[PDB]
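A.B. asks: Next comes the structure file final-v8.txt, holding compact mmCIF, N, CA and C atoms.
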# COMPACT_ATOMS: atom_id res chain seq x y z
N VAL A 227 264.72 -6.44 119.46
CA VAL A 227 264.33 -5.19 120.09
C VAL A 227 263.18 -5.49 121.04
N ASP A 228 263.27 -4.95 122.26
CA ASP A 228 262.31 -5.23 123.32
C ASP A 228 262.12 -6.74 123.52
N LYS A 229 263.21 -7.49 123.34
CA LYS A 229 263.20 -8.95 123.42
C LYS A 229 262.20 -9.60 122.48
N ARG A 230 261.97 -9.01 121.30
CA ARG A 230 261.39 -9.74 120.19
C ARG A 230 262.22 -9.53 118.93
N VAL A 231 262.25 -10.55 118.08
CA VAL A 231 262.99 -10.49 116.83
C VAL A 231 262.26 -9.58 115.84
N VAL A 232 262.93 -8.51 115.43
CA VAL A 232 262.39 -7.56 114.46
C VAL A 232 262.97 -7.75 113.06
N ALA A 233 264.09 -8.45 112.93
CA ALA A 233 264.71 -8.71 111.63
C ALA A 233 265.60 -9.94 111.75
N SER A 234 265.99 -10.48 110.60
CA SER A 234 266.96 -11.56 110.54
C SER A 234 267.85 -11.40 109.31
N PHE A 235 269.03 -12.02 109.36
CA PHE A 235 270.04 -11.82 108.34
C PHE A 235 270.81 -13.11 108.12
N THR A 236 271.26 -13.31 106.88
CA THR A 236 272.29 -14.30 106.59
C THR A 236 273.70 -13.73 106.81
N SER A 237 274.68 -14.63 106.79
CA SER A 237 276.09 -14.24 106.75
C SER A 237 276.40 -13.31 105.58
N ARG A 238 275.65 -13.44 104.49
CA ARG A 238 275.80 -12.54 103.34
C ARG A 238 275.36 -11.12 103.65
N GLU A 239 274.32 -10.95 104.47
CA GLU A 239 273.73 -9.64 104.66
C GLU A 239 274.29 -8.87 105.86
N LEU A 240 274.89 -9.54 106.84
CA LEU A 240 275.40 -8.84 108.01
C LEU A 240 276.79 -9.36 108.37
N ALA A 241 277.72 -8.42 108.55
CA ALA A 241 279.02 -8.70 109.14
C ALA A 241 278.93 -8.73 110.67
N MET A 242 279.78 -9.56 111.28
CA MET A 242 280.16 -9.41 112.68
C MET A 242 281.67 -9.42 112.81
N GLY A 243 282.20 -8.45 113.55
CA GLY A 243 283.63 -8.36 113.81
C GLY A 243 283.91 -8.37 115.30
N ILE A 244 284.92 -9.14 115.70
CA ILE A 244 285.30 -9.29 117.10
C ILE A 244 286.82 -9.20 117.20
N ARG A 245 287.31 -8.41 118.17
CA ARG A 245 288.74 -8.21 118.37
C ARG A 245 289.36 -9.19 119.36
N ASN A 246 288.63 -9.59 120.40
CA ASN A 246 289.16 -10.39 121.50
C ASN A 246 288.48 -11.75 121.54
N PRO A 247 288.77 -12.61 120.57
CA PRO A 247 288.09 -13.91 120.51
C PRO A 247 288.53 -14.84 121.63
N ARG A 248 287.70 -15.86 121.86
CA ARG A 248 287.96 -16.88 122.87
C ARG A 248 287.60 -18.25 122.30
N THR A 249 288.38 -19.27 122.69
CA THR A 249 287.99 -20.65 122.42
C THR A 249 286.95 -21.17 123.41
N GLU A 250 286.86 -20.56 124.59
CA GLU A 250 285.95 -20.98 125.65
C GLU A 250 284.57 -21.32 125.10
N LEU A 251 284.14 -22.56 125.34
CA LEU A 251 282.89 -23.06 124.75
C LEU A 251 281.72 -22.15 125.07
N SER A 252 281.60 -21.74 126.34
CA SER A 252 280.48 -20.90 126.75
C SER A 252 280.58 -19.46 126.26
N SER A 253 281.73 -19.03 125.73
CA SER A 253 281.79 -17.70 125.12
C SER A 253 280.89 -17.59 123.90
N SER A 254 280.50 -18.71 123.31
CA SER A 254 279.45 -18.77 122.28
C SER A 254 279.76 -17.88 121.08
N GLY A 255 281.04 -17.62 120.81
CA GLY A 255 281.43 -16.80 119.69
C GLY A 255 281.39 -15.30 119.89
N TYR A 256 281.00 -14.82 121.07
CA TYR A 256 281.00 -13.39 121.32
C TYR A 256 282.38 -12.90 121.77
N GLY A 257 282.56 -11.58 121.71
CA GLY A 257 283.81 -10.94 122.07
C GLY A 257 284.00 -10.81 123.57
N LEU A 258 284.92 -9.91 123.94
CA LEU A 258 285.24 -9.66 125.34
C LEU A 258 285.66 -8.20 125.48
N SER A 259 284.78 -7.38 126.05
CA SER A 259 285.05 -5.96 126.20
C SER A 259 286.03 -5.71 127.35
N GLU A 260 286.98 -4.81 127.11
CA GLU A 260 287.82 -4.27 128.19
C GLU A 260 287.01 -3.56 129.27
N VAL A 261 285.81 -3.06 128.94
CA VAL A 261 284.92 -2.51 129.95
C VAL A 261 284.48 -3.58 130.94
N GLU A 262 284.24 -4.80 130.45
CA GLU A 262 283.94 -5.91 131.35
C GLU A 262 285.12 -6.24 132.24
N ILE A 263 286.31 -6.37 131.65
CA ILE A 263 287.50 -6.71 132.42
C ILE A 263 287.82 -5.63 133.45
N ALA A 264 287.79 -4.37 133.03
CA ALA A 264 288.17 -3.24 133.88
C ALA A 264 287.05 -2.70 134.76
N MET A 265 285.90 -3.38 134.83
CA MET A 265 284.70 -2.78 135.41
C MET A 265 284.91 -2.36 136.87
N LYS A 266 285.57 -3.21 137.66
CA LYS A 266 285.94 -2.84 139.03
C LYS A 266 286.75 -1.55 139.09
N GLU A 267 287.75 -1.42 138.22
CA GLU A 267 288.54 -0.19 138.15
C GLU A 267 287.68 1.02 137.80
N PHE A 268 286.77 0.90 136.83
CA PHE A 268 285.88 2.01 136.52
C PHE A 268 284.98 2.38 137.70
N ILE A 269 284.48 1.39 138.43
CA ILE A 269 283.67 1.67 139.62
C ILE A 269 284.49 2.38 140.69
N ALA A 270 285.68 1.87 140.99
CA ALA A 270 286.58 2.54 141.94
C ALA A 270 286.89 3.98 141.53
N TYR A 271 287.20 4.21 140.26
CA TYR A 271 287.34 5.56 139.73
C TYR A 271 286.12 6.44 140.03
N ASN A 272 284.94 5.99 139.61
CA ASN A 272 283.70 6.71 139.88
C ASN A 272 283.53 7.04 141.36
N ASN A 273 283.77 6.07 142.24
CA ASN A 273 283.63 6.32 143.67
C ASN A 273 284.63 7.35 144.17
N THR A 274 285.89 7.27 143.75
CA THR A 274 286.87 8.25 144.23
C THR A 274 286.58 9.65 143.70
N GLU A 275 286.03 9.74 142.49
CA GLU A 275 285.58 11.02 141.95
C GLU A 275 284.42 11.60 142.75
N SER A 276 283.41 10.78 143.04
CA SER A 276 282.30 11.23 143.87
C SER A 276 282.77 11.65 145.26
N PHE A 277 283.67 10.87 145.86
CA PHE A 277 284.24 11.23 147.15
C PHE A 277 284.89 12.61 147.12
N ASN A 278 285.75 12.87 146.14
CA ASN A 278 286.42 14.17 146.07
C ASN A 278 285.45 15.31 145.78
N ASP A 279 284.43 15.07 144.96
CA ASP A 279 283.43 16.10 144.67
C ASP A 279 282.52 16.40 145.86
N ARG A 280 282.20 15.40 146.67
CA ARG A 280 281.27 15.60 147.78
C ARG A 280 281.80 16.50 148.89
N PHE A 281 283.09 16.82 148.94
CA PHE A 281 283.53 17.87 149.85
C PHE A 281 282.75 19.16 149.60
N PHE A 282 282.62 19.54 148.34
CA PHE A 282 281.83 20.71 147.96
C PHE A 282 280.34 20.38 147.89
N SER B 283 295.93 -12.02 154.65
CA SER B 283 295.39 -13.37 154.75
C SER B 283 294.95 -13.68 156.18
N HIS B 284 295.72 -13.26 157.19
CA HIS B 284 295.53 -13.66 158.58
C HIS B 284 295.56 -12.52 159.57
N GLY B 285 295.97 -11.32 159.18
CA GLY B 285 296.29 -10.30 160.15
C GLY B 285 295.07 -9.59 160.70
N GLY B 286 295.29 -8.86 161.79
CA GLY B 286 294.43 -7.76 162.16
C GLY B 286 294.82 -6.45 161.52
N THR B 287 294.01 -6.00 160.56
CA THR B 287 294.18 -4.70 159.93
C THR B 287 293.55 -3.57 160.73
N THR B 288 292.89 -3.88 161.84
CA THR B 288 292.09 -2.90 162.58
C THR B 288 292.89 -1.65 162.91
N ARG B 289 292.39 -0.50 162.44
CA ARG B 289 293.11 0.76 162.60
C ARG B 289 293.31 1.10 164.07
N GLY B 290 292.29 0.89 164.89
CA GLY B 290 292.33 1.37 166.26
C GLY B 290 291.02 1.08 166.97
N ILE B 291 290.98 1.45 168.24
CA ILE B 291 289.80 1.30 169.09
C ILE B 291 289.24 2.68 169.40
N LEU B 292 287.94 2.84 169.18
CA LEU B 292 287.20 4.02 169.63
C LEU B 292 286.73 3.75 171.06
N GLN B 293 287.42 4.33 172.04
CA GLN B 293 287.00 4.25 173.43
C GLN B 293 286.01 5.36 173.77
N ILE B 294 284.78 4.97 174.09
CA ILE B 294 283.78 5.84 174.69
C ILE B 294 283.63 5.37 176.13
N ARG B 295 283.55 6.32 177.06
CA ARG B 295 283.51 5.97 178.47
C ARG B 295 282.49 6.81 179.22
N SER B 296 281.72 6.14 180.08
CA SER B 296 280.76 6.80 180.96
C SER B 296 280.64 5.95 182.22
N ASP B 297 279.79 6.42 183.15
CA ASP B 297 279.65 5.77 184.45
C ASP B 297 279.41 4.27 184.34
N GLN B 298 278.71 3.81 183.30
CA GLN B 298 278.58 2.38 183.06
C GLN B 298 278.48 2.11 181.56
N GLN B 299 278.96 0.94 181.16
CA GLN B 299 278.83 0.50 179.77
C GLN B 299 277.37 0.41 179.33
N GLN B 300 277.14 0.74 178.07
CA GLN B 300 275.83 0.55 177.46
C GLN B 300 275.44 -0.92 177.41
N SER B 301 274.15 -1.19 177.56
CA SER B 301 273.61 -2.51 177.25
C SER B 301 273.89 -2.88 175.79
N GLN B 302 273.85 -4.18 175.51
CA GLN B 302 274.06 -4.65 174.14
C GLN B 302 273.00 -4.12 173.18
N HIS B 303 271.74 -4.05 173.63
CA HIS B 303 270.68 -3.48 172.79
C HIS B 303 270.97 -2.03 172.44
N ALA B 304 271.29 -1.22 173.45
CA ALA B 304 271.65 0.18 173.23
C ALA B 304 272.80 0.30 172.25
N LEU B 305 273.83 -0.52 172.42
CA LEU B 305 275.00 -0.48 171.56
C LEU B 305 274.69 -0.91 170.12
N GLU B 306 273.81 -1.89 169.93
CA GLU B 306 273.43 -2.29 168.58
C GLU B 306 272.53 -1.28 167.88
N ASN B 307 271.66 -0.57 168.60
CA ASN B 307 270.94 0.50 167.92
C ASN B 307 271.77 1.77 167.79
N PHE B 308 272.82 1.93 168.59
CA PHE B 308 273.82 2.95 168.30
C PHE B 308 274.62 2.62 167.04
N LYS B 309 274.95 1.34 166.83
CA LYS B 309 275.49 0.89 165.55
C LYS B 309 274.56 1.16 164.37
N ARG B 310 273.25 1.05 164.58
CA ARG B 310 272.33 1.40 163.50
C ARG B 310 272.27 2.90 163.25
N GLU B 311 272.22 3.71 164.31
CA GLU B 311 272.35 5.16 164.16
C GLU B 311 273.63 5.53 163.42
N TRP B 312 274.73 4.85 163.74
CA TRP B 312 276.01 5.13 163.10
C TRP B 312 275.96 4.81 161.61
N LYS B 313 275.66 3.55 161.27
CA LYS B 313 275.74 3.13 159.87
C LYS B 313 274.72 3.83 158.99
N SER B 314 273.50 4.06 159.48
CA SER B 314 272.52 4.79 158.68
C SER B 314 272.90 6.25 158.43
N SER B 315 273.87 6.80 159.16
CA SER B 315 274.25 8.21 159.02
C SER B 315 275.63 8.45 158.44
N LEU B 316 276.55 7.48 158.53
CA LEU B 316 277.97 7.74 158.30
C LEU B 316 278.67 6.77 157.36
N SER B 317 278.05 5.66 156.98
CA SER B 317 278.75 4.64 156.22
C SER B 317 278.76 4.95 154.73
N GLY B 318 279.79 4.44 154.06
CA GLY B 318 279.99 4.49 152.63
C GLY B 318 280.18 5.88 152.05
N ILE B 319 279.95 5.96 150.74
CA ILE B 319 279.90 7.25 150.05
C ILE B 319 278.74 8.10 150.55
N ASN B 320 277.60 7.47 150.84
CA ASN B 320 276.42 8.22 151.24
C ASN B 320 276.66 9.05 152.50
N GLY B 321 277.38 8.51 153.48
CA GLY B 321 277.72 9.20 154.71
C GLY B 321 279.04 9.94 154.73
N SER B 322 279.75 9.99 153.60
CA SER B 322 281.20 10.08 153.63
C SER B 322 281.74 11.35 154.29
N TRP B 323 281.04 12.48 154.18
CA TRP B 323 281.53 13.73 154.75
C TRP B 323 280.78 14.22 155.98
N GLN B 324 279.80 13.47 156.48
CA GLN B 324 279.14 13.84 157.73
C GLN B 324 280.05 13.56 158.92
N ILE B 325 279.87 14.35 159.98
CA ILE B 325 280.58 14.17 161.24
C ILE B 325 279.56 13.85 162.33
N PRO B 326 279.75 12.78 163.11
CA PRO B 326 278.88 12.55 164.28
C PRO B 326 279.16 13.53 165.41
N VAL B 327 278.08 13.98 166.05
CA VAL B 327 278.17 14.63 167.36
C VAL B 327 277.81 13.61 168.42
N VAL B 328 278.67 13.49 169.44
CA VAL B 328 278.49 12.57 170.55
C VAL B 328 278.81 13.32 171.83
N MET B 329 278.03 13.08 172.89
CA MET B 329 278.13 13.85 174.13
C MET B 329 278.51 12.96 175.31
N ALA B 330 279.24 11.89 175.04
CA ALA B 330 279.80 11.05 176.09
C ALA B 330 280.72 11.86 177.00
N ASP B 331 280.94 11.32 178.20
CA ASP B 331 281.82 11.99 179.17
C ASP B 331 283.23 12.14 178.63
N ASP B 332 283.77 11.10 177.99
CA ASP B 332 285.03 11.24 177.27
C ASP B 332 285.08 10.26 176.11
N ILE B 333 285.76 10.67 175.05
CA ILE B 333 285.91 9.90 173.82
C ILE B 333 287.39 9.89 173.45
N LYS B 334 287.92 8.71 173.15
CA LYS B 334 289.32 8.53 172.80
C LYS B 334 289.41 7.51 171.67
N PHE B 335 290.40 7.70 170.81
CA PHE B 335 290.72 6.74 169.75
C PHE B 335 292.17 6.30 169.89
N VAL B 336 292.37 5.00 170.03
CA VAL B 336 293.67 4.39 170.26
C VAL B 336 294.17 3.83 168.93
N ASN B 337 295.32 4.32 168.48
CA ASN B 337 295.92 3.88 167.23
C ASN B 337 296.71 2.60 167.47
N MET B 338 296.36 1.54 166.74
CA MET B 338 296.99 0.23 166.86
C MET B 338 297.86 -0.14 165.67
Rewrite the coordinates I just gave you, this time as C-alpha cells.
C.D. replies:
Amino acid sequence: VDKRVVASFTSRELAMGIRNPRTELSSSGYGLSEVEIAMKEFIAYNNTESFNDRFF
Amino acid sequence: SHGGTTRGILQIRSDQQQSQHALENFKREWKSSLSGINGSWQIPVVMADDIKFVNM
C-alpha cells in the first residue's frame, strides 16, 4: 500500500487464482486481463460515445 | 499499405496564394480549434473569395 509493504503471507495464508496463465518467462506468474487485451476497443467505444453525446 | 487514402482537396482561392508562414499558422488556428474529439462539432468560418472541396 502506497508502495510500502504493510503485510506478508505464506502460501498457507493467502490464495492466488488466475484464469489466463502464461508460460512466458516475463509474465512472472501473473494473469492476463481481457481489459488489457481489449483496451483499444474500450477506448474506441468511449470515443464514439463521447462523439455521439457531444452533438448535444 | 501503399495507397493514397486522401479524401479530397480543400481548394481555397484568392488573388494570391498565402505565404508558407501564413499557411502554417492557419494550420495552427485550424488544429487548435477543430482537431480530434475536442474540436469535433465546431465549424470554421472562413471568408476567402471562394472555397471548394474536390472529392478524390
A.B. asks: Give me the residues of chain A that have any atom at most 8 Å from an atom of chain B; for each, the nearest atom pair and the distance in Å, rounded to one decimal. Use only N, CA and C atoms, sort by chain and number, and format it as CSV.
C.D. replies:
residue,atom,partner,partner_atom,distance
A:273,CA,B:319,CA,7.4
A:276,C,B:319,CA,7.1
A:277,CA,B:319,CA,6.6
A:280,C,B:323,CA,6.5
A:281,CA,B:323,CA,6.7
A.B. asks: One decimal, in Å: what's the spacing between CA of residue 334 (chain B) and CA of residue 321 (chain B)?
C.D. replies: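 Atom-to-atom, CA of residue 334 (chain B) and CA of residue 321 (chain B) are spaced 21.5 Å apart.
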A.B. asks: State, in Å with one decimal place, the distance from CA of residue 338 (chain B) to CA of residue 296 (chain B).
C.D. replies: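 So the answer is 22.5 Å.
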A.B. asks: As an exercise, work out the distance from CA of residue 332 (chain B) to atom C of residue 299 (chain B) in Å and give it to one decimal place.
C.D. replies: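 If I compute the distance from CA of residue 332 (chain B) to atom C of residue 299 (chain B), I get 13.4 Å.
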